[PDB]
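Okay, so here's just one chain, in structure tokens, the form deposited in one PDB entry.
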């Protein structure tokens, strides 16, 4: 699997994906003999995750942290769990805000 298919599957551009690799936000792809980046399922998981994170308001740094959370060898550790619930609470503050907006728009529409 080459980069354009990965871009389609993940919701990213090819350019964003090379940029994310450059920044060390994702695990690097293997390269075939012709120099082509080639990808595995774990690369899809990471990039899809990054794209979703960015799409709901996380900056690049935070979105990388999310990816690292699922990559962490110490998955079951208190630390990983702490950093996870912290992302959970932020997301929950966003949902509360979106629902506040939702109500306001519906009140506008129902005037």
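Here, rigid core means the biggest group of C-alpha atoms that superpose within 1.5 Å across both forms. Residue numbers count along the first chain shown, from 1. Shifts are known only where both forms have a C-alpha.
Enquirer: Compare the mean C-alpha B-factor of 70 to 78 with that of 41 to 49 as given in the PDB entry, and name the stretch with the higher value.
Expert: On average, C-alpha B-factors are higher across 70 to 78.
Enquirer: Per the PDB record, is the mean Cα temperature factor higher over 84 to 92 or over 21 to 29?
Expert: Comparing averages over the C-alpha atoms only gives 21 to 29.
Enquirer: By the record's CA B-factor, is residue 111 among the lowest, middle or highest third of residues in the chain?
Expert: Top third by C-alpha B-factor.
Enquirer: Comparing residue 34 with the other modelled residues of its chain, is its CA B-factor in the lowest, middle or highest third?
Expert: Highest third of the chain for residue 34's C-alpha B-factor.
Enquirer: Give the position of residue 59 by CA B-factor within its chain, expressed as the lowest, middle or highest third.
Expert: It falls in the top third of the chain.
Another form, the form deposited in another entry, is not on view; read the next lines as being about it.
Enquirer: Superpose the two forms on their rigid core, then report whether the C-alpha of residue 102 is displaced by 2 angstroms or more between this form and the one not shown.
Expert: Result for residue 102: yes, a 2 Å-plus shift.
Enquirer: Is residue 75 among the residues whose Cα moves by 2 Å or more between this form and the one not shown after superposition of the rigid core?
Expert: True for residue 75: a C-alpha shift of 2 Å or more.
Enquirer: Can you tell whether residue 69 sits closer to or farther from residue 94 in the other form than it does here, judged by CA atoms, where the change is 3 Å or more?
Expert: Relative to the shown form, the pair is farther apart.
Enquirer: With a shift of at least 3 angstroms, figure out whether the C-alpha spacing between residue 44 and residue 92 grows or shrinks in the other form: closer or farther?
Expert: They are farther apart; the C-alpha distance rises by 3 Å or more in the other form.
Enquirer: Core-aligned, C-alpha shift of at least 2 Å, runs of at least 3 residues: can you list them between this form and the one not shown?
Expert: Residues 73 to 111 form the single run that moves by 2 Å or more between this form and the one not shown.
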